[PDB]
Amino acid sequence: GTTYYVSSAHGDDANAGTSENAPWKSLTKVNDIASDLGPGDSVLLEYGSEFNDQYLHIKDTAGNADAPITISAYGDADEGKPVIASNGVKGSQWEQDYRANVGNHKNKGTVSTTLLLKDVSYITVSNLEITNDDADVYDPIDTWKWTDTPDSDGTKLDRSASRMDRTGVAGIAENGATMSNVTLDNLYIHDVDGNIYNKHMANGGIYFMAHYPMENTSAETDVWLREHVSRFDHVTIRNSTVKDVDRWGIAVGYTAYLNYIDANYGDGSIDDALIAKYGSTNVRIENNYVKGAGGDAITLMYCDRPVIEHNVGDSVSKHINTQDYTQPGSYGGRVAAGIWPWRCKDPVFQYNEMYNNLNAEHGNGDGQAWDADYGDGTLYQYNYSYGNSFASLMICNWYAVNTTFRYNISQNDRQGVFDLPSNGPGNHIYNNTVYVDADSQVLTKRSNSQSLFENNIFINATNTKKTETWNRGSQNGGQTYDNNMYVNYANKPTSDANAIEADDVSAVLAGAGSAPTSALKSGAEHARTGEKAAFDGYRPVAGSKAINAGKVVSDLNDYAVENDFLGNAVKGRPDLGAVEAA
Ligand SMILES: CC(=O)N[C@@H]1[C@@H](O[C@@H]2O[C@H](CO)[C@H](O)[C@H](O)[C@H]2O)[C@H](O)[C@@H](CO)O[C@H]1O
Ligand SMILES: [Ca+2]
Ligand SMILES: [Ca+2]
């Protein structure tokens, strides 16, 4: 197909734009022809370019399986990714409308988006730097600190509840059809100075959502919408960085068709055909770094079996605090968690790191790394969490059901490791290693409900043999324990008839507590093997009471055991904790 070339430095918009030697100057020319982009067509932006007060909007077209539309860079890579910087200009603004109630949230209004994909299928967008900056908002994560006075550290915010919503990239389905085969790859999205509060406008680094094409006003609209579904399939977001954005880091799948998916909460189980029909299929979130989101880091909504792997989140919930979140109004929302699912079926969260979720000390009503929220079958495995301000894992309220949390390591997570506020049943927490410091404990104070804890190592990383509160409340049976290891405690859960007790973590693991305290400067995950391996303190030492002491687990959610946190096979009697002895 046709390849187009844009150069902010060299080009001219009188040019043809179809050869490298004579490229366009501005994105206006691409915008003018984007709806006619088709299979094999490409829009290449010159490395080193800065398209200021510009944006790219692509609507109502498609590549195909043989040849996608491509939006990318050309030239010398050392000149720096091309930059699209909308600065919120009028021309980037569009009217979003779900055309249904989507809960107690703003569902309609004006949004500024730097890169908009409205019902575009088979498109790959790569190697762009994307911003949406307000010169009057400045609060960089890299030097962020809690101040006794607002904005005293050379920062400034707009705290207005009516602040215009802004996206870096928005993926919008609103034609009553599937929008498929979208790939975002090696983008750098930053300084998207959106609205601090709004959770489900296209407001954040990357947001993908689906609307009804018309309001559901009659029996006839209702028959039609029940069968013609705006939804996503084959959305891949990988190798990207999202930094300094309000509100969401990366969210995918919120939908007007929640009115069908959520018509019948039942017991929290989600029917396979229901979620496949109305929800989003084959979503993959891989190798991204999210730092300094105002709210939540990465959330998957109304997704059928997404895969969320190899991401790093870091220092999110920047704005979920009493100084910055001042106009919550009737929506509320002064809460955020790290990397998590909402009303998904069997999502898989594996090999992710999550650091320093902020502000539980200053008005963040959550603050966890992980959150098995409402939904069915969430699998968290082989993830690391450090230094989160409120807990490693939440299981959230009645409709959070059938969670498995296994082969994870939690280090220096504060105020509790496990948070079980009135959650539904079916939850199974096994083969984790959790390192609990003096700012923390096993269960958050508010915990009251079900989980089955087996084969875990609990490490009291404090200077006395702690008398721990192992049980709080009794909803849905409360917390039951079997076949766990308890390191440096004076007591143990009364339910555990198979306890393994150890006095000194030094005779259990090589270097407990020595896992990372921060993300890698690059945002990449830490190595788990080789010279740079970062988790070797969590390997059992020779003769460790962890070795071959675990029960053969029977997963309550029918996920077979495969490997441990380091990816090594588990065979025989499993070792206690997250890491097999080698
Ligand atoms: C059940 C519950 O209250 N969950 C909280 C999350 O809030 C929900 O989040 C979804 C996201 O699609 C909708 O916004 C819904 O209306 C909310 O009730 C909240 O985002 C998380 C993280 O702070 O905490 C849960 O307690
Ligand atoms: Ca700014
Ligand atoms: Ca501040």
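Here, each number is a calculation from the coordinates, and none is a lab measurement. Please note: Cβ atoms are built from the backbone with ideal geometry, for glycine as well, and neighbour counts cover all protein chains shown.
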*Counting other beta carbons within 10 Å of each Cβ, put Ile457, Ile33 in order, fewest first.*
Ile33, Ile457
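Say the cut-off is 28 Å between C-alpha atoms; which of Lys199/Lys532; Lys108/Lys277; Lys59/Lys277; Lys345/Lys492 go over it?
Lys199/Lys532; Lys345/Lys492
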*Indicate, rounded to the nearest 5 percent, the antiparallel portion of the DSSP beta bridges found entirely in the chain.*
5 percent
*Amide H neighbours of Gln54 under 5 Å, at least 5 residues apart or on other chains, H built in the peptide plane: list them.*
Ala85, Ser86
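Quote to one decimal, in nm, the extra length available between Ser160 and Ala497 on full extension: 0.36 nm per residue of separation minus the C-alpha distance between them.
Extra length from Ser160 to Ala497 when fully extended: 115.8 nm.
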*Classify the chain as rounded, prolate or oblate, taking a ≥ b ≥ c as the square roots of the eigenvalues of its Cα gyration tensor: rounded when a/c is under 1.5, otherwise prolate if a/b is larger than b/c and oblate if not.*
prolate
*asked:* Need the list of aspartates and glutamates near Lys445 for cross-linking: C-alpha distance under 17 angstrom, and skip anything on the same chain fewer than eight residues off.
replied: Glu361, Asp366, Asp371, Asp413, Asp419, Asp437, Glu468
_In the chain, once you exclude exposed GluC sites (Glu not before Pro) (DSSP loop, at most 15 other Cβ within 10 angstrom), what's the longest stretch remaining?_
216-530
*Which trypsin sites (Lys or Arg not before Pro) does the range 471-541 hold that lie in a coil by DSSP with at most 13 other beta carbons within 10 Å?*
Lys521, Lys532
*Note, ³J(HN,Hα) from phi for the range 398-415, Karplus 6.51, -1.76, 1.60, rounded to Hz, x at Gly and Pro*: 4, 9, 8, 9, 6, 8, 10, 10, 9, 6, 9, 10, 10, 10, 6, 6, 9, 6
*Going highest first, how would you order 7-19, 533-545, 136-148 by mean Cβ packing within 10 Å?*
533-545, 7-19, 136-148
*asked:* Test of understanding: ordering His190, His319, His310 by Cβ neighbours within 10 Å, fewest first, what list do you get?
replied: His310, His190, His319
*Return the long-range amide H neighbours of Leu509 (sequence gap of 5 or more, or a different chain), with a cut-off of under 5 Å between placed amide H atoms.*
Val541
*Taking H placed 1.01 Å from N in the peptide plane, check which residues at least 5 places from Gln479 or on another chain put their amide H under 5 Å from its amide H.*
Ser451, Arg472
*Give a residue-ordered list of calculated ³J(HN,Hα) values for the range 164-172 (Karplus: 6.51 cos²θ - 1.76 cosθ + 1.60, θ = phi - 60°; whole Hz; x for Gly, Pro).*
4, 5, 9, 10, x, 10, 10, x, 10
*Derived scalar couplings ³J(HN,Hα) [the range 434-448; Karplus, 6.51 cos²θ - 1.76 cosθ + 1.60; whole Hz; x for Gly, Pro]*: 10, 10, 10, 8, 5, 8, 8, 6, 6, 10, 4, 3, 7, 4, 8
*Placing +1 at every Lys and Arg Cβ and -1 at every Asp and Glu Cβ, with all other atoms neutral, what dipole size does the chain have around its Cα centre, in debye to the nearest 20?*
1300 debye
*How much net charge surrounds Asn364 when only other residues with a Cβ under 11 Å from its Cβ are counted (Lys, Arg +1; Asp, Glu -1)?*
-2
*Considering only DSSP beta bridges with both partners in the range 432-582, what is the antiparallel share in %, to the nearest 5?*
10 percent
*asked:* Please arrange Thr70, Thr403 by how many other C-beta atoms lie within 10 Å of their C-beta, fewest to most.
replied: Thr70, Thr403
*Label-zone membership for the range 1-23, site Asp76, 7 angstrom Cα→C-beta point, backbone N under 15 Å*: 9-10
*For the chain, calculated [θ]222 nm from helices alone, where every DSSP H run of n ≥ 4 adds -39500 (n - 2.57)*: -1000 deg cm²/dmol
*Picking from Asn364, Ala100, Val223, whose Cα lies most toward the positive end of the charge dipole for the chain (charges on Cβ: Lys, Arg +1; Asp, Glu -1)?*
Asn364
*Identify the trypsin sites (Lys or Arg not before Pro) of the range 350-458 meeting these criteria: DSSP loop state and at most 13 other C-beta atoms within 10 Å of the C-beta.*
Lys445
*asked:* Net charge around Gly292, counting only other residues with Cβ within less than 11 Å of its Cβ (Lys, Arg = +1; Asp, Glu = -1)?
replied: -3
*Gap in Å between the Cα centre of the range 22-85 and the Cα centre of the range 161-198?*
17 Å
